[PDB]
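Take a look at the structure below.
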2 protein chains.
Amino acid sequence: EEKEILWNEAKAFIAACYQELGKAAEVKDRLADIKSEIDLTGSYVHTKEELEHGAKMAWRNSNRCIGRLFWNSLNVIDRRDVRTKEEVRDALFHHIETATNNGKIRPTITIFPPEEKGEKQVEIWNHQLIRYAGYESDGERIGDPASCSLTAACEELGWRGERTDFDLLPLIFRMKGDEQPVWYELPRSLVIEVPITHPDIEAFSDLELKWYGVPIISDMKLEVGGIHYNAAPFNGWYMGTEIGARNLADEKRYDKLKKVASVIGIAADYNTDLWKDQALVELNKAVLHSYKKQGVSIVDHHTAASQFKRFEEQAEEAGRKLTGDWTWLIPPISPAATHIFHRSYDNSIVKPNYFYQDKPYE
Amino acid sequence: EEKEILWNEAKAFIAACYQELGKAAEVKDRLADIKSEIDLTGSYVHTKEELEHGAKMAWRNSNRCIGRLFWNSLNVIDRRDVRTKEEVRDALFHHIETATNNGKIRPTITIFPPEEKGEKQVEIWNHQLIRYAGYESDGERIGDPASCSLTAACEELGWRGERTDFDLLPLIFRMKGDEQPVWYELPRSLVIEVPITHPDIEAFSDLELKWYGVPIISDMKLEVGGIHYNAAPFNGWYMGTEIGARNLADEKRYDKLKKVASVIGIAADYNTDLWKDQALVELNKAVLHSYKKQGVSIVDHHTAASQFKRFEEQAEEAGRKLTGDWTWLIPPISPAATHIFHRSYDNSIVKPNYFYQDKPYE
Ligand code: HEM
Ligand code: HEM
Ligand SMILES: CNCc1ccccc1OCc1ccc2ccc(N)nc2c1
Ligand SMILES: CNCc1ccccc1OCc1ccc2ccc(N)nc2c1
Ligand SMILES: C[C@H](O)[C@H](O)[C@H]1CNc2nc(N)[nH]c(=O)c2N1
Ligand SMILES: C[C@H](O)[C@H](O)[C@H]1CNc2nc(N)[nH]c(=O)c2N1
Ligand SMILES: [Cl-]
Ligand SMILES: [Cl-]
């Protein structure tokens with residue numbers, strides 16, 4: 001009965017995947033073998049090629065992603081073999097090292113064993129493999145509020161943060177069978193961080209801002225042909241606005257705009273001065289400059305939008321329908337200056353794809 | 001059979017309107033009289049109170065409008081009495097003068113006689129009562145491209161523009177019965193314009209930019225209780241971004257960003273410099289400064305969003321459902337710095353409301 005759903009999702013997926021791979025003739029016999037595998041086992045196992053291509057399609061179908069031009073160059077690491085928490089740990093460490101690539105970031109995904117009966121083999125608690133802790137107590141606020149609750153959950157497990165504004169959270173995950181997750185401190189040698197400086201306002205370094213090099217999302221499920229890879233962390237490189245216009249700017253995040261206005265020498269008293277907008281622009285210029293100066297990959301929202309226009313053009317030529325979420329595709333800074341703002345996008349969900357799933361805590 | 005639609009729209013409208021006006025008891029007898037009026041005549045006529053309140057509700061229900069906090073102070077001018085093109089003209093002139101109010105702008109609407117059988121009594125061709133002409137020929141581009149086609153249609157009627165970048169289009173409209181519209185040159189004494197200067201970059205005036213004081217939208221239909229007021233031009237004051245981030249910035253409008261970058265002393269060579277964003281911010285600061293210096297009403301996107309937050313709060317207290325179009329409500333500059341960006345809005349259409357209708361030409 002769920003053997004049903006799996007089979008249909010498998011037919012749809014294998015047909016399209018083998019088609020795109022020029023292997024249309026092998027569809028029939030591969031489906032045959034799958035049809036039997038589901039019967040006996042209650043599931044089927046992807047070939048390395050299907051799994052690599054599915055992860056690529058899934059990125060291609062991510063409506064909210066402006067970076068999709070490069071879907072076909074995704075570096076897929078197949079780690080369906082892992083059985084131990086040491087192996088998971090070492091896999092997660094490797095992912096960080098290989099994706100980082102000394103600053104020249106490789107979009108990469110590491111794929112762990114999929115859910116069995118909706119039962120997770122590996123359950124990752126981090127939202128990104130590399131994220132900063134957040135604390136709030138007695139009015140006091142330190143670090144990244146977005147991480148307050150995961151931070152409290154790590155501190156239930158005998159971890160303790162130093163309470164700087166940029167404590168690296170440990171990796172934390174649970175193995176099937178275990179009642180509590182384990183946690184491992186990140187080796188600082190693996191984590192590139194970028195101090196934020198401004199191209200020509202030297203006082204900007206007084207803010208003592210920094211951010212980490214690589215956003216590695218670890219809380220989404222990759223679904224491919226009815227197989228549910230709940231643990232499959234992936235990374236791109238940052239678009240500068242994500243850091244400069246949100247992580248560092250939002251009132252519910254680091255909330256730095258007033259501090260930025262002060263070091264850039266402008267008043268923060270009157271809305272009509274547009275001081276927040278000016279602060280946002282200088283902060284965002286600073287972030288791109290710092291990543292570039294440090295030789296860590298990053299893209300500005302204008303170039304990103306240009307690439308996405310190429311993605312739109314490439315999709316039409318291949319005869320693929322384009323889907324997209326206008327509300328996430330527009331950048332949070334000068335959106336009307338990108339072509340994205342001035343057109344609309346069909347927000348339909350096509351599979352394979354990445355999906356939200358609930359965290360264990362919270 | 002359309003006597004049907006009219007009656008239902010009339011019941012819905014009178015019930016809600018009289019309710020909001022504390023006149024619930026008068027609903028039954030007023031409906032009675034309407035029920036008979038439709039029977040005999042094929043339509044019904046609004047009282048002055050219903051028409052004023054309907055126009056106010058219609059603004060309140062405009063999902064794309066961030067300025068709705070002030071819906072209840074709309075100044076409604078009832079001009080259902082007009083029968084001649086001289087009267088229409090003089091009504092349109094008055095609207096400009098009274099809405100402008102020497103710079104202290106009054107949100108106003110002038111309401112002309114409604115459609116009879118879907119037949120317009122008065123058919124206004126302008127998109128705004130005050131707009132700039134646009135020309136394109138032999139690669140050459142002058143004025144406001146948004147106005148290219150209306151401009152060509154006026155020049156079919158024996159008008160001729162001087163071909164500056166800021167020619168005022170004439171008022172142009174057609175009376176039921178007439179085959180061609182008539183046109184009337186706007187008296188310059190009625191039209192306030194604002195030269196764009198920057199608070200502290202004196203070279204900014206070399207761009208020789210200006211814009212008109214009052215946006216008076218003349219192409220939407222006001223619908224109230226099944227009555228279709230195709231001619232009912234209305235105005236607010238500008239939000240600075242409409243001028244600085246769109247009318248003057250869009251490549252398909254005045255396309256000034258490169259020129260702005262030059263006078264503000266920054267390079268326009270590299271996306272990573274975020275020169276468009278910086279140009280956008282200085283251009284927008286300039287617009288707000290110029291309107292304020294000239295004593296012409298204007299609002300910045302931050303204050304506007306704050307007012308709209310108050311509108312949201314006021315709607316909840318009155319037990320009214322809020323509707324809104326997130327994609328138009330977010331400003332095109334620093335949208336993530338307003339609360340609007342971070343919540344969602346039900347885009348349902350509630351009546352009374354303003355609607356798009358086709359232009360005669362094009
Ligand atoms: C290579 C550089 C990449 C860039 C610059 C990029 C850029 C972005 C941005 C800016 C967002 C929106 C975040 C926001 O507005 O808050 C996003 C969303 C997303 N991206 Fe990408 N991306 C890249 C690579 C990838 C990769 C490799 C994948 C997966 C294989 C991916 C999948 C997604 C998904 C699933 C979302 C939506 C997440 C959600 O719903 O919360 N992207 N991307
Ligand atoms: C008092 C100051 C006002 C301000 C600042 C204001 C602001 C705005 C803005 C910024 C937009 C969106 C334009 C865009 O994003 O391109 C808008 C849309 C709109 N406003 Fe207002 N508004 C005001 C008054 C009014 C009035 C008096 C009415 C009618 C009685 C009105 C009805 C609308 C409508 C119908 C739209 C949508 C038009 C469309 O769909 O094209 N507003 N308003
Ligand atoms: C469940 N959402 C996952 C998530 C957790 C923590 C931060 C952002 C997230 O999603 C937004 C998102 C997702 C994938 C991205 C890939 C690359 C990139 N530069 N930004 C990206 C941004
Ligand atoms: C059919 N759309 C009408 C229209 C024609 C020409 C310019 C803008 C328009 O609609 C957007 C619009 C509508 C009403 C507004 C009222 C006040 C204001 N400051 N901006 C406003 C902007
Ligand atoms: C239809 C499509 O979403 C279109 O490009 C919209 C985008 N959002 C907008 N938002 C505003 N404020 N004004 C516009 O003219 C548009 N155009
Ligand atoms: C659900 C609601 O639209 C929400 O505020 C969205 C708005 N658009 C967004 N767009 C981006 N890029 N990132 C976000 O986190 C959000 N949040
Ligand atoms: Cl992030
Ligand atoms: Cl306008």
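All residue names refer to the structure tokens as shown: chains lettered A, B, ... in order, residues numbered from 1 in each chain, ligands numbered from 1 in order.
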
Quiz prompt | Picked from range 75-279 of chain A by DSSP as helix (DSSP H, G or I), as a ChimeraX atom specification | solution = /A:85-103,145-154,188-190,202-207,240-247,257-263,271-273,275-279

Please report as CSV every residue of chain A lying within 10 Å of chain B, along with the nearest atom pair and their distance in Å (one decimal), using only C-alpha atoms.
```
residue,atom,partner,partner_atom,distance
A:199,CA,B:273,CA,9.5
A:240,CA,B:272,CA,9.2
A:245,CA,B:336,CA,7.6
A:246,CA,B:336,CA,7.6
A:249,CA,B:337,CA,8.3
A:250,CA,B:337,CA,7.2
A:251,CA,B:337,CA,8.6
A:257,CA,B:337,CA,9.9
A:270,CA,B:303,CA,9.7
A:271,CA,B:302,CA,6.1
A:272,CA,B:300,CA,5.8
A:273,CA,B:285,CA,6.1
A:274,CA,B:285,CA,6.3
A:275,CA,B:285,CA,9.2
A:276,CA,B:337,CA,7.7
A:277,CA,B:334,CA,5.9
A:278,CA,B:281,CA,6.3
A:279,CA,B:281,CA,9.9
A:280,CA,B:334,CA,7.7
A:281,CA,B:278,CA,6.3
A:282,CA,B:278,CA,8.2
A:284,CA,B:274,CA,8.0
A:285,CA,B:273,CA,6.1
A:286,CA,B:273,CA,9.2
A:287,CA,B:272,CA,9.9
A:288,CA,B:272,CA,6.6
A:289,CA,B:272,CA,7.7
A:292,CA,B:272,CA,9.4
A:298,CA,B:272,CA,9.8
A:299,CA,B:272,CA,7.9
A:300,CA,B:272,CA,5.8
A:301,CA,B:271,CA,8.4
A:302,CA,B:271,CA,6.1
A:303,CA,B:271,CA,6.6
A:304,CA,B:271,CA,9.9
A:326,CA,B:327,CA,8.3
A:327,CA,B:327,CA,7.1
A:331,CA,B:335,CA,9.1
A:332,CA,B:336,CA,5.6
A:333,CA,B:334,CA,5.2
A:334,CA,B:333,CA,5.2
A:335,CA,B:332,CA,6.0
A:336,CA,B:332,CA,5.6
A:337,CA,B:250,CA,7.2
A:338,CA,B:250,CA,9.9
A:341,CA,B:332,CA,8.9
```

Exercise. For residue 362 in chain B, please output as JSON, numbers by chain all residues within 12 Å (counting only C-alpha atoms; exclusion window: fewer than 5 positions along the same chain).
Key: {"B": [125, 147, 148, 149, 150, 151, 152, 153]}

Residues within 9 Å of ligand 3 should be enumerated using only C-alpha atoms and all ligand atoms and returned as a tab-separated table (two decimals) with C-alpha atoms, in the first residue's frame.
```tsv
chain	number	residue	atom	x	y	z
A	64	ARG	CA	13.56	28.98	-4.07
A	65	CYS	CA	17.12	28.65	-5.37
A	66	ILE	CA	18.67	31.37	-7.57
A	67	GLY	CA	21.89	29.39	-7.94
A	107	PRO	CA	29.01	22.62	-4.44
A	126	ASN	CA	22.39	20.72	13.02
A	127	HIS	CA	20.64	23.12	10.64
A	128	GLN	CA	23.98	23.75	9.03
A	131	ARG	CA	26.69	27.49	12.46
A	146	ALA	CA	18.47	31.64	15.07
A	214	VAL	CA	30.57	27.66	3.65
A	215	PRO	CA	26.79	27.32	4.24
A	216	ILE	CA	26.18	23.58	4.45
A	217	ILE	CA	22.46	22.93	4.93
A	218	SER	CA	21.87	19.78	7.02
A	219	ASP	CA	18.15	19.75	7.84
A	220	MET	CA	16.44	18.99	4.55
A	234	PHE	CA	24.71	19.91	0.83
A	235	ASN	CA	26.44	23.24	0.21
A	236	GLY	CA	26.83	25.98	-2.37
A	237	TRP	CA	28.79	29.20	-1.94
A	238	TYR	CA	27.09	32.20	-0.35
A	239	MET	CA	25.27	34.97	-2.15
A	240	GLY	CA	26.58	38.09	-0.36
A	242	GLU	CA	22.43	36.22	2.74
A	298	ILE	CA	31.00	34.22	-3.06
A	299	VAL	CA	28.55	35.77	-5.57
A	355	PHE	CA	12.10	19.22	1.62
A	356	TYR	CA	11.75	20.64	5.12
A	357	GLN	CA	11.48	18.00	7.85
```

Quiz item: Which residues, written as number ranges by chain, have at least one atom at most 9 Å from range 27-40 of chain B, with only C-alpha atoms counted and residues fewer than 4 positions away on the same chain left out?
Solution: B: 3, 6-7, 10-11, 14-15, 18-19, 23, 44-45

List every residue of chain A that has an atom at most 7 Å from any atom of ligand 5, giving for each one its closest atom pair and the distance in Å to one decimal, counting only C-alpha atoms and all ligand atoms, sorted by chain and then by ascending residue number, as a Markdown table.
```
| residue | atom | partner | partner_atom_place_in_ligand_line | distance |
| --- | --- | --- | --- | --- |
| A:341 | CA | ligand 5 | 5 (O) | 5.2 |
| A:342 | CA | ligand 5 | 5 (O) | 3.1 |
| A:343 | CA | ligand 5 | 5 (O) | 4.3 |
| A:344 | CA | ligand 5 | 3 (O) | 4.8 |
```

Quiz prompt | Between atom 23 (C, counted along the ligand's line) of ligand 2 and CA of residue 108 in chain B, distance in Å (one decimal) | solution =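 Separation between atom 23 (C, counted along the ligand's line) of ligand 2 and CA of residue 108 in chain B: 10.0 Å.
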
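The protein and nucleic acid residues lying at most 7 Å from residue 229 in chain B are residues 112, 113, 114, 115, 221, 222 and 223 of chain B, with only C-alpha atoms considered and sequence neighbours fewer than 5 positions away removed.
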
Give me a file of those residues, with N, CA, C and O atoms, as a CSV table (one decimal), in the first residue's frame.
```csv
chain,number,residue,atom,x,y,z
B,112,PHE,N,-17.1,60.1,-11.4
B,112,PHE,CA,-17.9,60.5,-12.5
B,112,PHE,C,-19.1,59.6,-12.6
B,112,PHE,O,-19.2,58.6,-11.9
B,113,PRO,N,-20.0,59.9,-13.6
B,113,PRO,CA,-21.2,59.0,-13.7
B,113,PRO,C,-20.7,57.6,-14.1
B,113,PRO,O,-19.8,57.5,-14.9
B,114,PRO,N,-21.4,56.5,-13.5
B,114,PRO,CA,-20.9,55.2,-13.8
B,114,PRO,C,-21.3,54.6,-15.1
B,114,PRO,O,-22.2,55.3,-15.8
B,115,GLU,N,-20.8,53.4,-15.5
B,115,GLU,CA,-21.2,52.8,-16.7
B,115,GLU,C,-22.7,52.5,-16.6
B,115,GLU,O,-23.3,52.2,-15.6
B,221,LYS,N,-11.2,51.2,-12.5
B,221,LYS,CA,-12.6,51.2,-12.3
B,221,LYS,C,-12.8,51.0,-10.8
B,221,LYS,O,-12.3,50.1,-10.2
B,222,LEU,N,-13.7,51.9,-10.2
B,222,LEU,CA,-14.1,51.8,-8.8
B,222,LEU,C,-15.4,51.0,-8.9
B,222,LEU,O,-16.4,51.5,-9.5
B,223,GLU,N,-15.5,49.9,-8.2
B,223,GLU,CA,-16.7,49.1,-8.2
B,223,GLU,C,-17.3,49.1,-6.8
B,223,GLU,O,-16.6,48.8,-5.8
```

Practice problem: Return as an NGL selection string the full set of residues in range 171-276 of chain A whose backbone-based DSSP assignment is strand (DSSP E). | Solution: :A and (171-175 or 182-184 or 193-195 or 210-212 or 216-217 or 220-224 or 227-229 or 234-235 or 238-239)

What does the file look like for those residues with N, CA and C atoms, as a PDB file, in the first residue's frame?
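Contents of part.pdb, freshly written:
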```pdb
ATOM      1  N   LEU A 171      29.087  19.377  15.877  1.00  0.00           N
ATOM      2  CA  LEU A 171      28.227  18.493  15.075  1.00  0.00           C
ATOM      3  C   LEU A 171      27.458  17.643  16.050  1.00  0.00           C
ATOM      4  N   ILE A 172      26.169  17.467  15.809  1.00  0.00           N
ATOM      5  CA  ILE A 172      25.388  16.656  16.728  1.00  0.00           C
ATOM      6  C   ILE A 172      24.363  15.876  15.927  1.00  0.00           C
ATOM      7  N   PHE A 173      24.281  14.569  16.182  1.00  0.00           N
ATOM      8  CA  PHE A 173      23.398  13.683  15.420  1.00  0.00           C
ATOM      9  C   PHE A 173      23.115  12.409  16.184  1.00  0.00           C
ATOM     10  N   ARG A 174      22.028  11.732  15.834  1.00  0.00           N
ATOM     11  CA  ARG A 174      21.711  10.474  16.507  1.00  0.00           C
ATOM     12  C   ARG A 174      21.638   9.299  15.531  1.00  0.00           C
ATOM     13  N   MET A 175      22.190   8.157  15.954  1.00  0.00           N
ATOM     14  CA  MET A 175      22.164   6.912  15.190  1.00  0.00           C
ATOM     15  C   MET A 175      20.948   6.089  15.603  1.00  0.00           C
ATOM     16  N   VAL A 182      24.975  12.074  19.723  1.00  0.00           N
ATOM     17  CA  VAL A 182      26.322  12.332  20.223  1.00  0.00           C
ATOM     18  C   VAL A 182      26.724  13.674  19.652  1.00  0.00           C
ATOM     19  N   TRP A 183      27.732  14.319  20.235  1.00  0.00           N
ATOM     20  CA  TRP A 183      28.238  15.578  19.663  1.00  0.00           C
ATOM     21  C   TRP A 183      29.761  15.578  19.567  1.00  0.00           C
ATOM     22  N   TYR A 184      30.272  16.245  18.533  1.00  0.00           N
ATOM     23  CA  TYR A 184      31.702  16.339  18.288  1.00  0.00           C
ATOM     24  C   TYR A 184      32.077  17.775  17.971  1.00  0.00           C
ATOM     25  N   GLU A 193      36.893  30.976   8.283  1.00  0.00           N
ATOM     26  CA  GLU A 193      36.036  32.094   8.664  1.00  0.00           C
ATOM     27  C   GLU A 193      36.573  33.325   7.968  1.00  0.00           C
ATOM     28  N   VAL A 194      35.719  34.313   7.724  1.00  0.00           N
ATOM     29  CA  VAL A 194      36.153  35.523   7.027  1.00  0.00           C
ATOM     30  C   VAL A 194      35.896  36.765   7.870  1.00  0.00           C
ATOM     31  N   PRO A 195      36.964  37.462   8.278  1.00  0.00           N
ATOM     32  CA  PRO A 195      36.694  38.701   9.025  1.00  0.00           C
ATOM     33  C   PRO A 195      36.130  39.769   8.088  1.00  0.00           C
ATOM     34  N   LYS A 210      32.532  38.768  11.684  1.00  0.00           N
ATOM     35  CA  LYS A 210      33.054  37.743  10.787  1.00  0.00           C
ATOM     36  C   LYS A 210      31.924  36.809  10.439  1.00  0.00           C
ATOM     37  N   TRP A 211      32.175  35.899   9.505  1.00  0.00           N
ATOM     38  CA  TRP A 211      31.203  34.866   9.159  1.00  0.00           C
ATOM     39  C   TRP A 211      31.984  33.653   8.618  1.00  0.00           C
ATOM     40  N   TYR A 212      31.336  32.498   8.535  1.00  0.00           N
ATOM     41  CA  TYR A 212      32.041  31.307   8.119  1.00  0.00           C
ATOM     42  C   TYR A 212      31.937  31.163   6.615  1.00  0.00           C
ATOM     43  N   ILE A 216      26.363  24.994   4.792  1.00  0.00           N
ATOM     44  CA  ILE A 216      26.178  23.581   4.453  1.00  0.00           C
ATOM     45  C   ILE A 216      24.894  23.147   5.122  1.00  0.00           C
ATOM     46  N   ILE A 217      23.807  23.114   4.360  1.00  0.00           N
ATOM     47  CA  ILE A 217      22.462  22.928   4.929  1.00  0.00           C
ATOM     48  C   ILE A 217      22.264  21.456   5.313  1.00  0.00           C
ATOM     49  N   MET A 220      17.446  19.303   5.545  1.00  0.00           N
ATOM     50  CA  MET A 220      16.435  18.993   4.547  1.00  0.00           C
ATOM     51  C   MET A 220      16.534  17.571   4.083  1.00  0.00           C
ATOM     52  N   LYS A 221      15.388  17.026   3.694  1.00  0.00           N
ATOM     53  CA  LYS A 221      15.323  15.683   3.143  1.00  0.00           C
ATOM     54  C   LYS A 221      15.440  15.740   1.631  1.00  0.00           C
ATOM     55  N   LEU A 222      16.327  14.912   1.072  1.00  0.00           N
ATOM     56  CA  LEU A 222      16.410  14.727  -0.378  1.00  0.00           C
ATOM     57  C   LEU A 222      15.510  13.573  -0.756  1.00  0.00           C
ATOM     58  N   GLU A 223      14.544  13.817  -1.632  1.00  0.00           N
ATOM     59  CA  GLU A 223      13.663  12.739  -2.048  1.00  0.00           C
ATOM     60  C   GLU A 223      13.911  12.436  -3.515  1.00  0.00           C
ATOM     61  N   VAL A 224      14.164  11.166  -3.815  1.00  0.00           N
ATOM     62  CA  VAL A 224      14.456  10.744  -5.181  1.00  0.00           C
ATOM     63  C   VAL A 224      13.753   9.429  -5.424  1.00  0.00           C
ATOM     64  N   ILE A 227      12.465   7.356  -2.562  1.00  0.00           N
ATOM     65  CA  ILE A 227      13.436   7.080  -1.498  1.00  0.00           C
ATOM     66  C   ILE A 227      13.723   8.365  -0.730  1.00  0.00           C
ATOM     67  N   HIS A 228      13.698   8.267   0.596  1.00  0.00           N
ATOM     68  CA  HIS A 228      13.748   9.442   1.461  1.00  0.00           C
ATOM     69  C   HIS A 228      15.093   9.554   2.163  1.00  0.00           C
ATOM     70  N   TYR A 229      15.952  10.430   1.650  1.00  0.00           N
ATOM     71  CA  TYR A 229      17.274  10.611   2.243  1.00  0.00           C
ATOM     72  C   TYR A 229      17.202  11.771   3.239  1.00  0.00           C
ATOM     73  N   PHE A 234      24.152  19.387   2.075  1.00  0.00           N
ATOM     74  CA  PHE A 234      24.707  19.911   0.833  1.00  0.00           C
ATOM     75  C   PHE A 234      25.148  21.347   1.035  1.00  0.00           C
ATOM     76  N   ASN A 235      26.036  21.830   0.162  1.00  0.00           N
ATOM     77  CA  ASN A 235      26.442  23.244   0.207  1.00  0.00           C
ATOM     78  C   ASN A 235      26.544  23.898  -1.180  1.00  0.00           C
ATOM     79  N   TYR A 238      28.041  31.180  -0.747  1.00  0.00           N
ATOM     80  CA  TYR A 238      27.088  32.198  -0.345  1.00  0.00           C
ATOM     81  C   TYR A 238      26.810  33.194  -1.467  1.00  0.00           C
ATOM     82  N   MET A 239      25.575  33.702  -1.500  1.00  0.00           N
ATOM     83  CA  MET A 239      25.272  34.968  -2.154  1.00  0.00           C
ATOM     84  C   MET A 239      25.480  36.047  -1.084  1.00  0.00           C
TER      85      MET A 239
END
```

Quiz item: Between A:121, A:101, A:290, A:262, which one has atoms that come closest to residue 231 in chain A, using only C-alpha atoms?
Solution: A:121

Practice problem: Please measure the separation of atom 35 (C, counted along the ligand's line) of ligand 1 and CA of residue 154 in chain A, giving the value in Å to one decimal. | Solution: 25.5 Å

Practice problem: Please identify all polymer residues within 8 Å of residue 207 in chain B, counting only C-alpha atoms, omitting same-chain residues fewer than 3 positions from it, and present them as a list in words. | Solution: residues 203, 204, 259, 260 and 263 of chain B
